[PDB]
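Below is one structure, written out as structure tokens; the observations come after it.
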Amino acid sequence: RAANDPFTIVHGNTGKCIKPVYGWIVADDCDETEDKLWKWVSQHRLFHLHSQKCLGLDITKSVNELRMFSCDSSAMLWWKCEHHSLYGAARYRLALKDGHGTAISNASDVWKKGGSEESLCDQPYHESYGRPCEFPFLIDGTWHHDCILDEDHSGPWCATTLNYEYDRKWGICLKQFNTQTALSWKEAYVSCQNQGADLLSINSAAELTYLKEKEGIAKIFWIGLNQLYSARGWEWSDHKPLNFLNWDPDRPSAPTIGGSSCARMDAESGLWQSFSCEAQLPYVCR
Amino acid sequence: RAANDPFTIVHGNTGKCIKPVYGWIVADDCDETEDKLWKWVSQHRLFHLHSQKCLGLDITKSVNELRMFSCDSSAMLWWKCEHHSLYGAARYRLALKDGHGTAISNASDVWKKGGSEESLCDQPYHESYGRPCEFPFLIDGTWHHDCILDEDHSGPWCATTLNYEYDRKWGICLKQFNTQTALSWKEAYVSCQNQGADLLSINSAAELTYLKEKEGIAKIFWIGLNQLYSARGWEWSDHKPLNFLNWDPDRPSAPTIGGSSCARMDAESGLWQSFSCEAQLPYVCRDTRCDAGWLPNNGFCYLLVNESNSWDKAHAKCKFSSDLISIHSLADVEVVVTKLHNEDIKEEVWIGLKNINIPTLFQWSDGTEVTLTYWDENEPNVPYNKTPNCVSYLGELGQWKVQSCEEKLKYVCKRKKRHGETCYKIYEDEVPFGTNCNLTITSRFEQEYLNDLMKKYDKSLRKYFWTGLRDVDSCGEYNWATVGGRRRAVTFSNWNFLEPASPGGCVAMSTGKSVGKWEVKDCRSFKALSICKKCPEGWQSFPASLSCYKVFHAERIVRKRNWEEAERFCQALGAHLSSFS
């Protein structure tokens with residue numbers, strides 16, 4: 001699978017790791033993962049799960065103090081990866097001076113993950129009509145990062161907006177015919193690869209004769225028939241053989257120009273049109 | 001209009017322009033456009049019109065020869081523009097050695113166009129189901145770059161494939177309901193801007209009713225209603241008023257998530273559905289003193305009533321002997337935001353807009369001057385069907401929304417380029433960085449106003465502007481830049497997701513996609529426009545200020561004297577300005 005797992009950022013030279021305090025960062029006191037938990041969230045941001053207080057840079061004076069800030073504010077907070085380091089606002093590295101992390105923009109610093117040679121940045125960010133969730137979110141006056149269970153919904157439920165208190169539109173934490181779930185085929189593919197699954201692969205006619213009679217399914221959906229490799233005609237998500245085709249007689253099926261490079265299924269008659277799969281439309285991934 | 005035109009590349013230092021020969025480049029013999037013609041074609045390639053031979057880089061030996069090659073081959077030919085030069089294959093500049101052009105990767109060479117200051121790259125590339133043409137193309141054994149006219153078709157015709165000899169799929173040279181032409185809405189917009197026109201702007205119900213009965217038109221197409229500006233709700237291609245809408249009752253019309261940010265028009269019943277228009281689909285493009293509180297603005301006065309009542313009671317109260325608030329310019333929004341007691345951040349304001357006929361068609365309660373529409377991004381809140389409609393100011397920016405207006409709230413009503421206090425002028429071309437004026441911003445509403453003015457002026461992408469934010473110390477601190485003597489604190493900052501990537505330089509401002517943000521680039525040489533806002537003996541003194549003065553009259557003196565150059569004559573005695581405590 002591929003999902004954002006909790007981890008801890010450590011320093012390479014000496015055995016120091018980040019420990020957040022009320023408004024700052026203090027010495028390591030490390031090797032105990034009961035409080036020191038960090039995760040990646042949208043806008044390329046770092047979030048501490050326990051303290052629920054994110055870090056940022058406030059450049060307003062001569063020396064910008066690196067303190068804690070509210071994750072819902074105009075703080076201009078985001079961090080990115082350099083070859084063996086991390087840079088924040090503008091070429092600002094998380095410089096360490098034996099006890100506190102500051103921003104001096106020094107080119108002698110290294111950060112890795114706990115007990116593993118890794119740049120803590122090789123894994124990209126992972127995540128109402130089945131829209132992708134927004135992490136974090138402020139509910140009941142407290143911050144939350146994961147789709148937590150409660151007594152209101154059946155299982156996990158997340159927010160589908162930046163401010164749930166003003167919009168009030170939630171969704172199911174999608175970890176399978178998702179009807180009325182119109183997403184882009186590329187977005188659908190990356191979402192179902194985040195879940196560890198792959199797109200539908202039609203191998204025999206029995207699967208099609210079972211799906212055509214299905215009641216709880218949209219009349220139009222995606223299957224995954226597309227050419228990710230520009231030098232070959234048509235493939236599936238996984239490496240499945242191409243023996244069963246269901247092409248369309250109505251459209252001339254233009255190869256590259258005049259038509260498009262995605263397949264669109266019609267289940268009322270079982271037909272495959274050529275179309276552009278960048279718009280929002282239901283699908284299914286096995 | 002915006003289309004590609006043939007031109008010539010000339011050297012800046014030496015008066016030489018490019019001239020092609022059978023397989024190489026020769027001396028200038030310039031100032032005659034009968035044979036020397038060059039143009040830009042796809043894959044960032046340069047094409048000669050007459051000789052029909054393009055240039056490329058064949059890296060095969062120690063010294064890569066810069067000869068002529070066929071545009072249909074594996075030559076890896078493409079060229080790009082650096083700040084004041086041309087680089088080709090791999091940082092290889094078209095170096096000149098007095099007659100022949102080679103690739104030595106030298107940093108001292110300039111190239112401009114014919115008789116004008118330009119980097120010959122400011123104009124981007126311009127160009128069977130109405131697909132865009134492919135330039136150039138090999139037909140009848142010869143290369144061709146434009147849709148020429150022959151006796152086969154009616155007018156101009158081009159190719160829609162890289163190899164027309166193997167595909168045989170042509171198309172009409174599109175220079176208007178283009179039925180059976182499924183294109184993307186962004187592609188349709190860029191193609192119709194290439195033609196100089198704009199998307200369909202529906203102003204009255206007459207044009208819409210005329211389009212209903214149209215036979216030669218697709219049942220599904222785009223209109224152009226989209227939000228290119230992320231801080232406002234919905235606009236057209238040009239700057240047309242938003243008074244006529246035909247929204248749909250079936251879908252809940254999610255503002256930004258759950259739905260989309262595009263509109264699609266259904267003509268079988270006349271509805272506007274929220275959707276994403278990235279797929280292919282057909283389209284169509286064509287000094288009064290006022291009484292006790294009422295603040296005056298160009299003759300009339302405005303004032304907010306401190307009563308919290310419903311919509312009908314507000315419509316009946318001061319329509320007092322007054323009329324409701326009417327926005328017709330940009331200064332009135334500033335008057336509303338500056339007043340209203342810090343805007344009462346968590347509250348609402350009323351404004352009178354009426355609509356009785358179906359579908360929705362907003363008209364002013366007193367007048368018909370619908371010019372400016374400032375809606376929240378993006379909550380139109382247009383219901384399915386309702387005779388009483390109402391509009392409300394929300395947010396500190398003063399955006400327009402549609403509430404249910406069944407509760408009690410306050411309102412404002414009234415009684416009986418340039419902006420109002422300062423002008424704003426923009427030039428034609430600005431290659432250097434601020435050699436005449438430096439624009440400085442202090443507040444957010446000024447940013448919104450300049451963005452609106454730039455949207456009214458600028459109409460395409462690939463454009464940049466200048467803002468007074470830079471630093472010469474190369475230390476990392478960013479503040480409001482000036483011509484020297486600026487120490488104010490930055491009160492507002494609107495950056496992109498990850499905009500700052502350089503520890504210095506001068507910022508820019510784009511209006512293509514992320515409109516209204518301070519883009520960051522290097523400040524070495526970046527061509528971008530900018531807008532500018534338009535007693536021992538003979539002594540007289542008194543110790544009344546603990547200082548001995550020495551001043552002169554204006555008649556007994558030889559020339560008029562002031563305190564300016566006094567440091568040249570009195571500093572010899574330890575003297576300074578007029579020191580009063």
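By order of appearance in the structure tokens: chains A, B, ..., then residues from 1 within every chain, and ligands from 1 in the order shown.
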
Spatial neighbours of stretch 162-178 of chain A, max dist 6 Å, only C-alpha atoms, sep filter under 6 positions, as an MDAnalysis selection string | chainID A and resid 128 156 195 217 284

Specify as an mmCIF file with N, CA and C atoms, in the first residue's frame all residues of chain B found within 10 Å of chain A, counting only C-alpha atoms.
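Final output, selection-v8.cif:
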```cif
data_model
loop_
_atom_site.group_PDB
_atom_site.id
_atom_site.type_symbol
_atom_site.label_atom_id
_atom_site.label_comp_id
_atom_site.auth_asym_id
_atom_site.auth_seq_id
_atom_site.Cartn_x
_atom_site.Cartn_y
_atom_site.Cartn_z
ATOM 1 N N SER B 128 -11.044 17.633 -39.057
ATOM 2 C CA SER B 128 -11.142 16.498 -38.149
ATOM 3 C C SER B 128 -11.470 16.955 -36.731
ATOM 4 N N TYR B 129 -12.764 17.134 -36.459
ATOM 5 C CA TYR B 129 -13.273 17.550 -35.152
ATOM 6 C C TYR B 129 -12.708 18.894 -34.703
ATOM 7 N N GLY B 130 -12.301 19.737 -35.650
ATOM 8 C CA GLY B 130 -11.784 21.055 -35.315
ATOM 9 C C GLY B 130 -10.509 21.039 -34.504
ATOM 10 N N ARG B 131 -9.663 20.031 -34.697
ATOM 11 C CA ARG B 131 -8.425 19.936 -33.946
ATOM 12 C C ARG B 131 -7.423 20.982 -34.432
ATOM 13 N N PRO B 132 -6.515 21.421 -33.559
ATOM 14 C CA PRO B 132 -5.517 22.412 -33.977
ATOM 15 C C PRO B 132 -4.584 21.851 -35.040
ATOM 16 N N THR B 160 -4.394 17.739 -39.435
ATOM 17 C CA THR B 160 -4.645 17.481 -38.022
ATOM 18 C C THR B 160 -3.806 16.325 -37.488
ATOM 19 N N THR B 161 -2.729 15.968 -38.184
ATOM 20 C CA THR B 161 -1.866 14.875 -37.761
ATOM 21 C C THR B 161 -0.435 15.216 -38.156
ATOM 22 N N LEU B 162 0.519 14.674 -37.394
ATOM 23 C CA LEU B 162 1.930 14.936 -37.660
ATOM 24 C C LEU B 162 2.361 14.384 -39.014
ATOM 25 N N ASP B 167 -2.047 9.174 -42.287
ATOM 26 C CA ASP B 167 -3.334 9.276 -41.612
ATOM 27 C C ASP B 167 -4.435 9.798 -42.527
ATOM 28 N N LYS B 169 -6.060 12.748 -42.546
ATOM 29 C CA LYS B 169 -7.109 13.396 -41.760
ATOM 30 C C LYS B 169 -6.824 14.895 -41.744
ATOM 31 N N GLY B 171 -8.355 19.135 -41.828
ATOM 32 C CA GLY B 171 -9.277 19.957 -41.069
ATOM 33 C C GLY B 171 -9.344 21.350 -41.655
ATOM 34 N N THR B 181 -17.433 19.529 -33.225
ATOM 35 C CA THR B 181 -16.050 19.899 -32.929
ATOM 36 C C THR B 181 -15.880 19.848 -31.414
ATOM 37 N N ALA B 182 -15.519 18.672 -30.907
ATOM 38 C CA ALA B 182 -15.383 18.451 -29.468
ATOM 39 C C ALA B 182 -13.974 18.844 -29.041
ATOM 40 N N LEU B 183 -13.860 19.973 -28.343
ATOM 41 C CA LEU B 183 -12.592 20.432 -27.798
ATOM 42 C C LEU B 183 -12.756 20.757 -26.320
ATOM 43 N N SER B 184 -11.623 20.901 -25.640
ATOM 44 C CA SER B 184 -11.635 21.319 -24.247
ATOM 45 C C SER B 184 -11.986 22.798 -24.140
ATOM 46 N N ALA B 254 -22.572 22.213 -5.540
ATOM 47 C CA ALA B 254 -21.512 22.343 -4.550
ATOM 48 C C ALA B 254 -20.548 23.448 -4.972
ATOM 49 N N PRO B 255 -20.110 24.310 -4.049
ATOM 50 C CA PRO B 255 -19.315 25.481 -4.448
ATOM 51 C C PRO B 255 -17.973 25.139 -5.079
ATOM 52 N N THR B 256 -17.120 24.420 -4.357
ATOM 53 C CA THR B 256 -15.771 24.133 -4.831
ATOM 54 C C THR B 256 -15.400 22.661 -4.757
ATOM 55 N N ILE B 257 -15.858 21.945 -3.735
ATOM 56 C CA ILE B 257 -15.555 20.532 -3.560
ATOM 57 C C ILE B 257 -16.864 19.757 -3.570
ATOM 58 N N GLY B 258 -16.852 18.600 -4.223
ATOM 59 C CA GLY B 258 -18.068 17.846 -4.454
ATOM 60 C C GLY B 258 -18.588 18.080 -5.854
ATOM 61 N N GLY B 259 -18.552 19.334 -6.294
ATOM 62 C CA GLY B 259 -18.926 19.669 -7.651
ATOM 63 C C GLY B 259 -17.712 19.954 -8.508
ATOM 64 N N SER B 260 -17.670 21.135 -9.114
ATOM 65 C CA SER B 260 -16.537 21.546 -9.933
ATOM 66 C C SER B 260 -16.546 23.066 -10.027
ATOM 67 N N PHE B 275 -19.968 21.513 -13.544
ATOM 68 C CA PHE B 275 -19.213 20.397 -14.095
ATOM 69 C C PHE B 275 -17.796 20.858 -14.402
ATOM 70 N N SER B 276 -16.951 19.890 -14.745
ATOM 71 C CA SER B 276 -15.583 20.140 -15.175
ATOM 72 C C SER B 276 -15.522 20.081 -16.696
ATOM 73 N N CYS B 277 -14.991 21.135 -17.308
ATOM 74 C CA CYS B 277 -14.940 21.261 -18.760
ATOM 75 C C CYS B 277 -13.545 20.971 -19.307
ATOM 76 N N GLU B 278 -12.852 20.007 -18.702
ATOM 77 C CA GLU B 278 -11.556 19.576 -19.206
ATOM 78 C C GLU B 278 -11.678 18.578 -20.352
ATOM 79 N N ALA B 279 -12.839 17.948 -20.516
ATOM 80 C CA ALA B 279 -13.054 17.012 -21.606
ATOM 81 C C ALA B 279 -13.405 17.767 -22.887
ATOM 82 N N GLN B 280 -13.563 17.019 -23.976
ATOM 83 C CA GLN B 280 -13.842 17.596 -25.283
ATOM 84 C C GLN B 280 -15.344 17.760 -25.474
ATOM 85 N N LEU B 281 -15.750 18.918 -25.999
ATOM 86 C CA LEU B 281 -17.158 19.214 -26.236
ATOM 87 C C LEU B 281 -17.281 20.440 -27.134
ATOM 88 N N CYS B 475 20.398 38.672 2.345
ATOM 89 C CA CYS B 475 20.435 38.073 3.673
ATOM 90 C C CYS B 475 19.231 37.191 3.968
ATOM 91 N N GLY B 476 18.062 37.513 3.419
ATOM 92 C CA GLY B 476 16.858 36.726 3.612
ATOM 93 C C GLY B 476 15.652 37.516 4.077
ATOM 94 N N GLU B 477 15.830 38.769 4.486
ATOM 95 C CA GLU B 477 14.699 39.577 4.921
ATOM 96 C C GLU B 477 14.001 40.204 3.719
ATOM 97 N N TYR B 478 12.674 40.099 3.685
ATOM 98 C CA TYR B 478 11.862 40.705 2.637
ATOM 99 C C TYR B 478 10.979 41.785 3.242
ATOM 100 N N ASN B 479 10.973 42.959 2.615
ATOM 101 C CA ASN B 479 10.140 44.072 3.044
ATOM 102 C C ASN B 479 9.653 44.827 1.815
ATOM 103 N N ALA B 489 6.821 47.955 7.949
ATOM 104 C CA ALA B 489 6.584 46.539 8.182
ATOM 105 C C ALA B 489 5.512 46.020 7.235
ATOM 106 N N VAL B 490 5.728 44.813 6.717
ATOM 107 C CA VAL B 490 4.770 44.201 5.805
ATOM 108 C C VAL B 490 3.544 43.768 6.598
ATOM 109 N N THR B 491 2.388 44.345 6.264
ATOM 110 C CA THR B 491 1.149 44.048 6.970
ATOM 111 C C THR B 491 0.324 42.953 6.308
ATOM 112 N N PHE B 492 0.498 42.728 5.008
ATOM 113 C CA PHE B 492 -0.241 41.699 4.294
ATOM 114 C C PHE B 492 0.692 40.982 3.332
ATOM 115 N N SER B 493 0.477 39.676 3.185
ATOM 116 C CA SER B 493 1.299 38.860 2.301
ATOM 117 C C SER B 493 0.436 37.752 1.720
ATOM 118 N N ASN B 494 0.354 37.700 0.392
ATOM 119 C CA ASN B 494 -0.442 36.706 -0.326
ATOM 120 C C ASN B 494 0.499 35.928 -1.242
ATOM 121 N N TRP B 495 1.085 34.859 -0.711
ATOM 122 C CA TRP B 495 1.985 34.015 -1.477
ATOM 123 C C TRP B 495 1.224 32.819 -2.048
ATOM 124 N N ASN B 496 1.885 32.080 -2.934
ATOM 125 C CA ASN B 496 1.310 30.874 -3.512
ATOM 126 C C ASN B 496 1.466 29.721 -2.521
ATOM 127 N N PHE B 497 1.222 28.493 -2.985
ATOM 128 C CA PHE B 497 1.421 27.324 -2.136
ATOM 129 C C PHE B 497 2.864 27.251 -1.650
ATOM 130 N N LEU B 498 3.809 27.110 -2.582
ATOM 131 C CA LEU B 498 5.239 27.247 -2.293
ATOM 132 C C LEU B 498 5.824 28.210 -3.331
ATOM 133 N N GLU B 499 5.654 29.505 -3.074
ATOM 134 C CA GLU B 499 6.166 30.537 -3.967
ATOM 135 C C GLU B 499 7.645 30.843 -3.724
ATOM 136 N N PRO B 500 8.071 31.178 -2.483
ATOM 137 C CA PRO B 500 9.474 31.579 -2.291
ATOM 138 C C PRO B 500 10.443 30.415 -2.416
ATOM 139 N N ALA B 501 11.278 30.446 -3.453
ATOM 140 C CA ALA B 501 12.295 29.428 -3.665
ATOM 141 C C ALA B 501 13.694 30.005 -3.814
ATOM 142 N N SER B 502 13.856 31.322 -3.697
ATOM 143 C CA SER B 502 15.152 31.964 -3.826
ATOM 144 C C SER B 502 15.373 32.928 -2.667
ATOM 145 N N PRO B 503 16.563 32.910 -2.051
ATOM 146 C CA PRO B 503 16.874 33.808 -0.932
ATOM 147 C C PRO B 503 17.260 35.219 -1.376
ATOM 148 N N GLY B 504 16.422 35.821 -2.205
ATOM 149 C CA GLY B 504 16.667 37.154 -2.708
ATOM 150 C C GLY B 504 15.954 37.359 -4.029
#
```

Residue contacts of stretch 97-101 of chain A (10 Å, only C-alpha atoms) excluding same-chain residues fewer than 4 positions away, as number ranges by chain = A: 14, 16-20, 24-28, 65-67, 93

Would you mind exporting the chosen residues as a tab-separated table (two decimals), in the first residue's frame, restricted to N, CA, C and O atoms?
```
chain	number	residue	atom	x	y	z
A	14	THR	N	24.33	14.19	15.54
A	14	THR	CA	24.09	13.78	16.91
A	14	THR	C	22.68	13.21	17.06
A	14	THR	O	21.80	13.43	16.22
A	16	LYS	N	19.70	13.69	18.19
A	16	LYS	CA	18.66	14.61	18.61
A	16	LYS	C	17.46	14.50	17.68
A	16	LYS	O	17.60	14.38	16.46
A	17	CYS	N	16.27	14.55	18.28
A	17	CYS	CA	15.02	14.55	17.53
A	17	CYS	C	14.13	15.67	18.06
A	17	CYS	O	14.32	16.17	19.17
A	18	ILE	N	13.17	16.07	17.24
A	18	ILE	CA	12.34	17.24	17.54
A	18	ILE	C	11.36	16.90	18.65
A	18	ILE	O	10.66	15.87	18.58
A	19	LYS	N	11.29	17.75	19.67
A	19	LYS	CA	10.32	17.62	20.75
A	19	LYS	C	9.60	18.95	20.90
A	19	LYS	O	10.23	19.96	21.29
A	20	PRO	N	8.30	19.02	20.61
A	20	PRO	CA	7.59	20.31	20.67
A	20	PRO	C	7.15	20.69	22.08
A	20	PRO	O	6.64	19.85	22.83
A	24	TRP	N	7.58	26.28	21.27
A	24	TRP	CA	8.93	26.20	20.73
A	24	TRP	C	9.31	24.73	20.56
A	24	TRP	O	8.45	23.85	20.58
A	25	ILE	N	10.60	24.48	20.37
A	25	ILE	CA	11.15	23.13	20.25
A	25	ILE	C	12.29	23.00	21.25
A	25	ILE	O	13.11	23.92	21.38
A	26	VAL	N	12.34	21.87	21.95
A	26	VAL	CA	13.33	21.67	23.01
A	26	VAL	C	14.19	20.46	22.69
A	26	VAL	O	14.08	19.87	21.60
A	27	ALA	N	15.07	20.09	23.62
A	27	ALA	CA	16.03	19.01	23.41
A	27	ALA	C	15.33	17.68	23.14
A	27	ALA	O	14.11	17.57	23.27
A	28	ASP	N	16.11	16.66	22.77
A	28	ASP	CA	15.57	15.42	22.23
A	28	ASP	C	14.63	14.71	23.20
A	28	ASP	O	13.42	14.62	22.94
A	65	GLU	N	11.54	34.45	14.47
A	65	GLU	CA	11.50	33.37	15.45
A	65	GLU	C	10.74	32.18	14.89
A	65	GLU	O	9.68	32.32	14.28
A	66	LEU	N	11.29	30.99	15.10
A	66	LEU	CA	10.68	29.74	14.66
A	66	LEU	C	9.92	29.16	15.85
A	66	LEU	O	10.49	28.47	16.69
A	67	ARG	N	8.63	29.47	15.92
A	67	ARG	CA	7.78	29.10	17.04
A	67	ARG	C	6.57	28.31	16.53
A	67	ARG	O	6.47	27.98	15.34
A	93	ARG	N	16.80	26.71	6.19
A	93	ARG	CA	16.99	25.37	6.71
A	93	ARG	C	16.73	25.35	8.21
A	93	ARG	O	16.93	26.34	8.92
```

Mind checking which residues fall within 9 Å of stretch 341-346 of chain B, counting only C-alpha atoms, ignoring those fewer than 5 positions away in the same chain, and posting them as a tab-separated table (two decimals) with C-alpha atoms, in the first residue's frame?
```tsv
chain	number	residue	atom	x	y	z
B	336	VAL	CA	-18.42	50.29	2.49
B	394	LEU	CA	-20.64	39.06	3.60
B	395	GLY	CA	-17.00	39.03	4.64
B	396	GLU	CA	-14.49	41.82	5.17
B	398	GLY	CA	-17.65	42.85	0.93
```

8 Å contact set for residue A:199, only C-alpha atoms, chain neighbours under 5 positions out, as an MDAnalysis selection string = chainID A and resid 189 192 223:224 236:238 284:286

Which neighbours of residue B:468 fall inside 9 Å, counting only C-alpha atoms, when residues of the same chain fewer than 4 positions from it are skipped, and could you give them as JSON, numbers by chain?
-> {"B": [438, 439, 440, 441, 479, 480, 481, 482, 506, 507]}
